[PDB]
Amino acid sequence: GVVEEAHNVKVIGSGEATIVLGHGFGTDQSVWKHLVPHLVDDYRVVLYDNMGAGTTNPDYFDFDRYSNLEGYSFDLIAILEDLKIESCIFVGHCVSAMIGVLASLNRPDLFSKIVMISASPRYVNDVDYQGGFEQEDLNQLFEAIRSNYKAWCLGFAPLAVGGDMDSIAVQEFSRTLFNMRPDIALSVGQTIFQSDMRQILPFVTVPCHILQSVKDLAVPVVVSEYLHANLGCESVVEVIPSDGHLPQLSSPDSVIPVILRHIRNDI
């Protein structure tokens, strides 16, 4: 149907046992390329793209619908309902971790477990919370996006990915970033970076696994500990000895075994 086409939905592999993978800002379902091979023999795997990703039709990007994360959560629930999925393990990268959380508040019955990669409920610092950014840092980022999008993409991609600046992963992310329509990239970047999910964390009821790189430009390690302390569900943290905000793409040898362990084993 239109929902499946519009979000480039793929369903692979075998099982009532179902894993659904949601990607982060600036990438698409291809971020999961090193994980999916190790899931398909044991799970039905669902991949999809967030509306506003470069692989999606910009005519479908509704600036009102996506002015908060709830719009994306409604898309996720829609996909699950369209595919007749009654329960899934949801793996959410970056903003998808919070999209999944929000979807789970509305429909906890649809999720057995959330596995978060590179998640944060809040990026902006305040006097009692370290998110990684001052508002002035974000203001400059948004102005660079507006002023020259390609320049911004080429500078941002090595910082977000980490590691060597000439890596295949840096090149890949630079390409997916620049694939976004500039106005959509700006709008979405503002929505994510200005989001605040902290206050709803006590209401979460689905168990969460909180994974991140020890070095992540957008996610100080204390954020993992904040999620663990404030989520209302059972949770566990594992900080990985990896660099980068898309570590399942750029450092798979160290990262994929950790993700698999948290998918395959319950708290």
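One rule holds for the numbers: they count along the sequence shown, beginning at 1.
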On mean Cα temperature factor in this entry, is 54-62 or 195-203 the higher one? 54-62
Going by the B-factors listed in the PDB entry, is the mean over the C-alpha atoms higher for 164-172 or for 82-90? 164-172
Among 13, 247, 24, 257, the highest C-alpha B-factor in the PDB entry belongs to 13
Comparing C-alpha B-factors across 123, 142, 111, 72 in this entry, the winner is 142
Sorting by Cα B-factor within the chain, modelled residues only, which third would residue 238 end up in: lowest, middle or highest? lowest
Select lowest, middle or highest to describe the third in which the CA B-factor of residue 49 falls within its chain in this entry. lowest
Is the Cα B-factor recorded for residue 179 in the lowest, middle or highest third of its chain? middle
State the tercile, meaning the lowest, middle or highest third, of residue 229 with respect to the CA B-factors recorded for its chain. middle
Can you tell me whether residue 222 has a C-alpha B-factor in the lowest, middle or highest third compared with the other modelled residues of the same chain? middle
